[PDB]
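Fold and contact review
The chain contents come next:
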Amino acid sequence: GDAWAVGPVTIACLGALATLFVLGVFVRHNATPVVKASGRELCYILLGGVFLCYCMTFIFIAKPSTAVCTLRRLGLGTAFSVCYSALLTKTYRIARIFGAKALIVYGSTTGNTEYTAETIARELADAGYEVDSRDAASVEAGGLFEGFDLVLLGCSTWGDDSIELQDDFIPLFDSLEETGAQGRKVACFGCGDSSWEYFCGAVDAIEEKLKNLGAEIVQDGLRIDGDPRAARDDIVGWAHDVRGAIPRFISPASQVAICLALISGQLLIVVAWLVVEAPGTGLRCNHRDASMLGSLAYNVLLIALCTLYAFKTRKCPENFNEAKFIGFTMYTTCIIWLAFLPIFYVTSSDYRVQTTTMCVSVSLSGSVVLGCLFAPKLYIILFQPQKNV
Ligand SMILES: Cc1cc2nc3c(=O)[nH]c(=O)nc-3n(C[C@H](O)[C@H](O)[C@H](O)COP(=O)(O)O)c2cc1C
Ligand SMILES: Cn1cc(-c2cc(C(N)=O)nc3cc(CN4CCO[C@H](C(F)(F)F)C4)ccc23)cn1
């Protein structure tokens, strides 16, 4: 009578041993760039989740009792939640540190502010910003700041007996109300000369109109004297605090925190369910998974939210394109869940079939995380150590 359990137990043991091997390779090479360069704590949380997926088999195969019924209810949702919260936090981290995007609008005649913007654009590019540099002469005011996390306005000072903004910049300055500067993080720069009474008067003028509109001036204006090439060290130095506006780093403790919050969401659903509907029997558990689908809905949200963010952040090259492999993991995950959920529905009337299918789908969900995400990571660590130094 235990024949039906041989196949699922074999998968579960092979899968558990693979997950342990992956953890072993990772912990042995813990300070290595492949393991350190991304969400290290998140990849250990993820492995724990994959280990729990395989272990769920032993709970499905077990004879129903108060303890087994508790474990099943609590575990099915939790196992998945650990995986999909670690994965969502990984893509969320990628989306903040590389998702960030900046816009540079400059007004230049002799190419001085046009050079300042080029060297600023390079420094921001180096900080994982999708930088877009645009001359003011070829800029239309209406909704120009929309979609941008950071906006840098560059302008030289002109006018003989008084201050005057650079020729190309004036229309943009005149219709500044229309760009969407309210609540936007901004910073001004510009080239001028100290032989002139009002050194960089254009910067002061732009800073002040931005202030009235309700813009968030992150840093004080960069006012350069003479040739910008000789003040290059201060330009790049100014770029060090403008890049700071949108965080370029989420701390290891913060990653763990947001991941633990999302897992806690599942816990609260399935613990609250257990206290309302007391676990027990009388062959079968008292409260089936179909009696309350709130645990499943939460994991479907996590999968949906994750797959959205994974696709949006796919082209990121950080940590040997881990973003691409999270993509594959997630596209494969959707396919498993879209194929199995209808099977469970149309098969709900045969318990041994439900149990057996659950052993296959939960383990397959684990195997996909090991195959798409970890196997490529493993191949570099073990067979390409020169690429891991
Ligand atoms: C007609 C004229 C007016 C200027 N007025 C000012 C001024 O009031 N304040 C200032 O700091 N620089 C002033 N300058 C200096 C220019 O801003 C400087 O040459 C600048 O580096 C040009 O930058 P751009 O290539 O970005 O246009 C003036 C220069 C000229 C010839
Ligand atoms: C890949 N994979 C996901 C799971 C899984 C996961 C979860 C969860 N807690 O996150 N809860 C499940 C509940 C059930 C019960 N069905 C009874 C009849 O059908 C119903 C519906 F609506 F889905 F059709 C639901 C079945 C499978 C569940 C297993 N494998």
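What counts, and at which threshold
- Residues numbered from 1 in each chain as written, not as in the entry; some residues may be left out.
- Chains lettered and ligands numbered in written order.
- Heavy atoms only, no water.
- Residues with missing side-chain atoms left out of burial classes, pairs and counts.
- Near = heavy atom within 4 Å.
- Polar contact = N/O pair within 3.5 Å; in protein donor to acceptor, adjacent residues only side chain to side chain.
- Areas by Shrake-Rupley, 256 points an atom, 1.4 Å probe, with all protein chains shown as cover.
- Nonpolar A, V, L, I, M, F, W, Y, C, P; charged D, E, K, R; others polar.
- Salt bridge = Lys/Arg side-chain N within 4 Å of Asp/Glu carboxyl O.
- Buried < 20%, exposed > 50% of the residue type's maximum accessible area, 1.4 Å probe, protein only.
- Axes fitted to C-alpha atoms, helices over the stretch in contact; angles between N-to-C directions.
- Helix = DSSP H or I, 4+ residues; strand = E, 2+ residues; numbered from the N terminus.
- Parallel < 35°, antiparallel > 145°, perpendicular 65-115°, else oblique.
- Left-handed = near helix turned anticlockwise from the far one by under 90°.
- Contact = heavy atoms within 4.5 Å.

- X-ray crystallography is the method the PDB entry lists for this structure, together with a resolution of 2.5 Å.

1. Comments concerning the site of ligand 2
- Taken together, 17 residues sit near ligand 2, with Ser295, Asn299, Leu341, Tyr345 and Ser361 positioned nearest.
- A distance of 3.0 Å is found between a nitrogen atom of ligand 2 and a side-chain nitrogen or oxygen belonging to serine 295.
- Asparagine 299 is positioned with one of its side-chain polar atoms (N or O) 2.7 Å from an oxygen atom of ligand 2.
- Isolated, ligand 2 exposes 630 Å² of accessible area, and the fraction of that covered by the protein chains is 91%.

2. Here we look at the site of ligand 1
- Taken together, 17 residues are adjacent to ligand 1, and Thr109, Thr110, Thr113, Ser156 and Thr157 come closest.
- Within the backbone of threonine 157, one N or O atom sits 2.7 Å away from an oxygen atom of ligand 1.
- Between ligand 1 and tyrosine 198, the relevant distance is 3.1 Å, taken from a nitrogen atom to a main-chain nitrogen or oxygen of the residue.
- For ligand 1, the accessible surface in isolation is 650 Å², of which the surrounding protein chains cover 82%.
- For the shell around ligand 1, the residue count by class is six nonpolar, 10 polar and one charged.

3. A closer look at the pattern of salt bridges
- Following the criterion strictly, the structure yields seven salt bridges and no others.
- Two residues, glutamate 318 and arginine 93, come together in a salt bridge whose shortest N-O distance is 3.1 Å. Neither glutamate 318 nor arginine 93 differs from the other in exposure class; each is buried.
- Ionic pairing is found between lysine 209 and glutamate 177, a salt bridge with its closest N-O pair at 3.0 Å.

4. Here we look at the packing of helix 3 (residues 40-61) against helix 4 (residues 66-97)
- Look at helix 3 against helix 4: their axes get within 8 Å of each other, and the N-to-C directions meet at 155°. The orientation of helix 3 relative to helix 4 falls into the category roughly antiparallel. Read as a crossing pair, helix 3 and helix 4 show a hand that is left-handed. Where helix 3 approaches helix 4, its residues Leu42, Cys43, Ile45, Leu46, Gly49, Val50, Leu52, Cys53, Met56, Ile59 and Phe60 are matched on the opposing element by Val68, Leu71, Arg72, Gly75, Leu76, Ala79, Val82, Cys83, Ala86, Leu87, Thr89 and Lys90.
- Here the residues of the contact of helix 3 with helix 4 are counted per class, giving 18 nonpolar, three polar and two charged.

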